[PDB]
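Undergrad: An experimental structure, sequence included, is below.
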Amino acid sequence: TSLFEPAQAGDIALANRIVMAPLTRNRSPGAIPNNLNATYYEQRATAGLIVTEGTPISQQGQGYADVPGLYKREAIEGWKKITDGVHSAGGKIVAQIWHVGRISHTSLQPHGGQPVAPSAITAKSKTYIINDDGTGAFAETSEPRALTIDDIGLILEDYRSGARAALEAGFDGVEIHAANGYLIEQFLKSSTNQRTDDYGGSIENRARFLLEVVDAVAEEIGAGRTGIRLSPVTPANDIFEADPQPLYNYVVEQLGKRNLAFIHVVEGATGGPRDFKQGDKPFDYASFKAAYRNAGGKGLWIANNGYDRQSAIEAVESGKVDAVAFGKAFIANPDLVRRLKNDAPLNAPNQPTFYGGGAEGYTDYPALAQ
Ligand SMILES: Cc1cc2nc3c(=O)[nH]c(=O)nc-3n(C[C@H](O)[C@H](O)[C@H](O)COP(=O)(O)O)c2cc1C
Ligand SMILES: O=Cc1ccc(O)cc1
């Protein structure tokens with residue numbers, strides 16, 4: 001199996017196994033994708049699969065400024081232009097449906113309310129907010145409110161609508177964002193979940209919310225078009241779990257029963273060391289993937305974090321992974337696939353232009369000279 005050869009992820013056919021990782025860019029003010037966003041995605045449409053930046057299912061689920069959502073009619077219309085452009089270049093694309101949970105700020109919340117979370121525990125994290133004078137800034141996340149079961153019922157509805165919106169927007173499917181210390185992970189991990197109801201305590205209970213979201217999304221659009229991103233040991237957004245193995249093995253066992261399109265795994269600290277660990281024992285990725293496969297899981301296995309060309313080729317050849325997702329490399333390289341194919345040099349990413357702004361450091365990264 002080669003990195004550059006076609007794959008299948010549920011009902012979604014991919015021209016190759018080079019994937020564009022989801023990348024929050026904060027360039028859709030008013031939660032609506034614009035013409036510049038459409039250009040940015042079109043440039044990268046040679047990717048076998050594009051996973052969009054995080055796109056929240058609600059304003060409640062928004063944690064960062066100028067992030068395109070799926071809850072406005074105008075946003076749906078804006079995404080349709082993005083998906084039409086990607087498809088015209090023969091690409092494929094899935095929306096990363098998002099809910100940030102406690103990673104948010106009152107200024108972004110409806111009614112300036114408290115961000116929502118399974119337990120009222122404030123993250124020591126930061127979000128990207130825009131001042132009235134336009135300047136972007138990083139600010140401490142706000143105090144969260146503990147969700148009730150009714151709140152949870154409402155969020156589940158927002159997922160159904162979100163998924164429905166993505167289909168209406170012309171997306172090939174969705175990736176459920178269950179990674180990087182956001183809402184779903186907040187339920188999953190012990191440092192964020194101190195609930196005493198059916199959503200707290202045991203592994204089964206902590207995974208309950210994740211599985212409801214998956215079942216809700218898949219019911220709406222098809223299991224064959226539903227994927228999910230996981231990050232077993234990431235320290236992103238002040239989150240921690242002492243026993244990731246039993247928890248995460250149990251999760252993929254359940255996902256293995258659900259005929260999903262893909263499992264997308266952040267290996268290690270998100271944007272950090274691949275060999276990061278939480279708790280006493282190092283995470284066992286082979287045992288993890290085995291739990292998925294052994295439960296019957298046929299989803300395409302997409303791995304991410306700190307991969308380069310050679311390691312990506314070897315990862316796929318060995319059969320450890322089915323496909324590789326690149327984040328920063330795809331920021332810097334619209335034509336990343338061609339460059340990898342021909343082993344051409346790669347542009348360096350400009351970290352100061354990751355978030356907010358305009359075309360600079362977004363749509364002005366050069367393609368190869370041809
Ligand atoms: C600017 C930037 C924005 C990101 N936004 C998201 C996001 O919205 N959702 C997500 O799941 N991961 C996001 N990530 C994480 C990446 O998808 C990926 O996990 C990380 O960049 C490590 O991959 P890499 O070594 O290929 O760059 C973001 C990373 C960067 C650098
Ligand atoms: O802005 C960085 C970022 C990283 C991971 C996510 O899941 C979302 C945003």
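TA: Noted; the coordinates are in hand. Numbers count the residues shown, from 1 in each chain. Ligands and ions are numbered 1, 2, ... in the order given.
Undergrad: what about the helices in the stretch 101-250 of the chain?
TA: Secondary structure of the stretch 101-250 of the chain (DSSP state H, counting those that start in this stretch): helices at 149-168, 183-188, 203-221, 244-255.
Undergrad: which strands and helices sit next to the third one?
TA: Judged by 3 or more Cβ pairs under 8 Å, 6 or more residues apart in numbering; DSSP states H and E, helix 203-221 is in contact with helix 149-168, strand 173-177, helix 183-188, strand 226-230, helix 244-255. Yep, even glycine has a C-beta here, placed from its N, CA and C like the rest.
Undergrad: Not counting its own residues, what contacts that helix?
TA: Applying Cβ atoms under 8 Å, 6 or more residues apart in numbering, the external contacts of helix 203-221 come out as 97, 118, 152, 156, 159-160, 162-164, 166-167, 173-174, 176, 178, 184, 187-190, 193, 195, 197-200, 226, 228, 246-247, 250-251, 254-255, 258-260.
Undergrad: which bits of the stretch 51-200 of the chain sit near ligand 1?
TA: Residues of the stretch 51-200 of the chain found near ligand 1 (Cβ under 6 Å from any ligand atom) are 53, 54, 96, 177, 179, 180.
Undergrad: Confirm that the second one sits in a helix.
TA: What it means is residue 54. No: counting by DSSP: H, G, I helix; E, B strand; the rest coil, residue 54 is not part of a helix but strand.
Undergrad: circling back to that earlier point, what's the ChimeraX syntax to select whichever of the contacts of helix 203-221 are buried?
TA: Selecting just the buried residues from the contacts of helix 203-221 in ChimeraX takes one command, with 16 or more other Cβ atoms under 10 Å as the test:
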select :97,118,152,156,159,160,162,163,166,167,173,174,176,178,184,187,188,189,190,193,195,199,200,226,228,247,250,251,254,255,258,259,260
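Undergrad: hmm, back to that, mind putting the helices of the stretch 101-250 of the chain in CSV, distance to residue 129 included?
TA: Below are the helices of the stretch 101-250 of the chain laid out as CSV (distance: least, Cβ to Cβ, whole Å):
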stretch, distance to residue 129
helix 149-168, 22
helix 183-188, 19
helix 203-221, 26
helix 244-255, 31
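Undergrad: Mind putting those into TSV with distance to ligand 2?
TA: TSV is the format used below for those (distance: least, Cβ to the nearest ligand atom, whole Å):
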stretch	distance to ligand 2
helix 149-168	16
helix 183-188	9
helix 203-221	15
helix 244-255	17
